[PDB]
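Single chain ahead, by itself, as structure tokens, in the form deposited without this ligand.
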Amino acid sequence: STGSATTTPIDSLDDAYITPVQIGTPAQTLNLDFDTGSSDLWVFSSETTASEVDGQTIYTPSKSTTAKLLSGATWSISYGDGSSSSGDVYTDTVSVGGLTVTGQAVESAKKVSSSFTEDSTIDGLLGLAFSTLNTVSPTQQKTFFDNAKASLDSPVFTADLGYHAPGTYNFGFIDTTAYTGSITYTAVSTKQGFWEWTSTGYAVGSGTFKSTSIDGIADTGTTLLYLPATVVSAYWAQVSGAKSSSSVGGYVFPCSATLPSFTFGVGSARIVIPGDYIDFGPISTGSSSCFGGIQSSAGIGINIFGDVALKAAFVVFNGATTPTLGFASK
């Protein structure tokens, strides 16, 4: 089997991407944030505290003939941005792009933090990291990908995120029309439950490539590119008037600037992030200070190749017995 679904930016900055997902029978379509940095499939639901719902589409298990309570199971998750959610668990039929899993754990939110409530466009998350991070207790549950894997034509999914445009998530096949050149594969460590890999270095603009190992995760659920402070300082030093602002919470730059590109290494291959991908626009409406898309990871504990980096590539998440990541230009 295969699946193919279009993923759409939630706003003009590409802050996140939503993908329609069918849950239950008859189908209830919710728009979920596919997150390669977490492992829970959770939704706004008929159980979510009413004051915490503001425009999201909800899953109502009582209207699904295939829903079953997963008795006794609860979940609770906290993300890197400080957001959180928790609840109980149903199993139900879930389809993405024509690929169906029966018996998928659908984590029904009873509580969500303010950042979720305030984002009316995101109806929940679909985690695609390794199932070792799934938070369901007392019986940990599998991701949609892990449940689909054995049925897929190839045990892979691909992320092809757009810059200010829709893109695609494919399951079970690699669309050889979707990228240019060849795919460079690199090793993955699953020790922390993430798609963790080591970049071979970086360049700023037309500068020389610096060979240096940068361990980090491929995380579709993170907007920006978070890298070591040395690398980030080297990038923003090439932008007149850029500075790190403790008041704003990262590097800002004059909105009048033209940003240089950023290149990262994948083995001997190179992915180039155009400068415009690094512009996240005014820090507040009408400001002439703009927020940078490359930020320090110093306060995180891990480097994160988020959407700024991933949308410059066609990315293969190879879930074979020995997982690997692949990157191609596009």
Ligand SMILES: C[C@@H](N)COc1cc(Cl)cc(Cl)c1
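Throughout, we count residues from 1 along the sequence that is shown.
Another form exists, solved in complex with this ligand; not displayed. Remarks below refer to it.
> Quick check on residue 222: any heavy atom within 4.5 Å of this ligand in the deposited complex?
Contact with this ligand, yes.
> Within 4.5 Å, heavy atoms only: does residue 260 come near this ligand in the deposited complex?
Answer no; every heavy atom of residue 260 is more than 4.5 Å from this ligand in the deposited complex.
> In the deposited complex, does residue 304 have a heavy atom within 4.5 Å of this ligand?
Contact check for residue 304: yes, within 4.5 Å of this ligand in the deposited complex.
> Decide whether residue 80 counts as a contact residue for this ligand in the deposited complex under a heavy atom distance cut-off of 4.5 Å.
Answer yes; at least one heavy atom of residue 80 falls within 4.5 Å of this ligand in the deposited complex.
> At a 4.5 angstroms cut-off on non-hydrogen atoms, which residues of 238 to 260 are near this ligand in the deposited complex? List them in order.
Going through 238 to 260 in order - heavy atoms within 4.5 Å of this ligand in the deposited complex - there are no hits.
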